[PDB]
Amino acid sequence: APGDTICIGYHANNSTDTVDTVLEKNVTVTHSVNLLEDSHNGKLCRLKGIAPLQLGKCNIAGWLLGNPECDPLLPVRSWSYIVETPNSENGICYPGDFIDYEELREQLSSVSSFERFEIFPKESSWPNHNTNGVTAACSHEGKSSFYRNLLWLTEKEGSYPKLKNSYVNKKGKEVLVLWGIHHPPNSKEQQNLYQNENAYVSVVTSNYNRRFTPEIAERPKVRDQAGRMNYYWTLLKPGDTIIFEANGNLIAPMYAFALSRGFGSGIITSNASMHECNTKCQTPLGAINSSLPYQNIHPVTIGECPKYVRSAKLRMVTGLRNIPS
């Protein structure tokens, strides 16, 4: 007999996992850990128990001005992130420029809730002025309409008196006020609606001070409109007063938004649909349920997410080189 023997050896198994090293690629190993998350549920979920704000057919501009083609939201909403559909068919419907529109979007990125309230009641705030002005540019059910948050002031009985209206912010939170300035394409329309040629609009607060004058010129038709409406906004601090002064061309605010600030929010564009689910991490493609450090799903993330990388694979070896032969 050869005699008794003792041998030193190492483990092997039927694993087919492969990793790369600096010296050699495609190494079959006994054990390994995947560090790259690539799976998502393909749905829009609640974030930390809070549902997002879905604007549906509207973009931010369409919702804030109150486009009549979009389903109206509840007067009070609270959310964790904002979703815009890729096909936002409803935005600004009367052609014009939305001044500092992008800055207003970034402001809304840190907003957690809004309350929609009548800053200037329709049948209380504008005596001696017509408030029924509509347009085919903002249609609703085949009929001419207007923004739900604004009021087109025009002449009443051959005159447009100099209006002077003000609101004191008593809500205890910042209040977002939006208004418009109309620019007729010819001076004949300027008299018909506002009865004054040297019209002006003045909007003042403690930290806002701007004056607007109509600019009259023939323009290419946009949405069958040769006129233009410039949209403006400001954030009224708690306890502050906003004063509106005009003798024409003012698209007066009617509804305003009391806003609450929050953390970790943002605006994303998603084709996905809302579902009854909860996640700690949301992407425009779907929600991630992972404790892994990396992900290659999407760079846009809401919440507590793995770091986005371009890698196709990140596998760390923990076991040995697998040699079952």
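So that there is no doubt, residue numbering starts at 1 and follows the sequence shown.
task: Select between 127-135 and 112-120 the stretch whose C-alpha atoms have the higher average B-factor in the entry.
output: 127-135 has the higher mean C-alpha B-factor.
- request: Compare the mean C-alpha B-factor of 85-93 with that of 249-257 as given in the PDB entry, and name the stretch with the higher value.
  value: Looking at the record's C-alpha B-factors, the answer is 85-93.
Residue of maximum C-alpha B factor among 162, 105, 228, 223, per deposited coordinates: Top of the list by C-alpha B-factor: 162.
field: Identity of residue with top Cα B-factor, from 236, 199, 204, 178
entry: Out of 236, 199, 204, 178, the record gives the largest C-alpha B-factor to 199.
message: Based on the deposited C-alpha B factors for this chain, I'd like to know if residue 142 is in the lowest, middle or highest third.
response: Tercile = highest for this residue's CA B-factor.
- prompt: Which third of the chain holds residue 55 when residues are ordered by C-alpha B factor: lowest, middle or highest?
  reply: Ranked within chain, residue 55 CA B lands in the highest tercile.
field: Third assignment of residue 185 from its chain's C-alpha B-factors
entry: Ranked within chain, residue 185 CA B lands in the middle tercile.
message: Per the entry's values, where does residue 73 land by CA temperature factor relative to the rest of its chain, in the lowest, middle or highest third?
response: Ranked within chain, residue 73 CA B lands in the highest tercile.
query: C-alpha B factor of residue 167, ranked within the chain: lowest, middle or highest third?
result: For residue 167, the deposited C-alpha B-factor lands in the lowest third.
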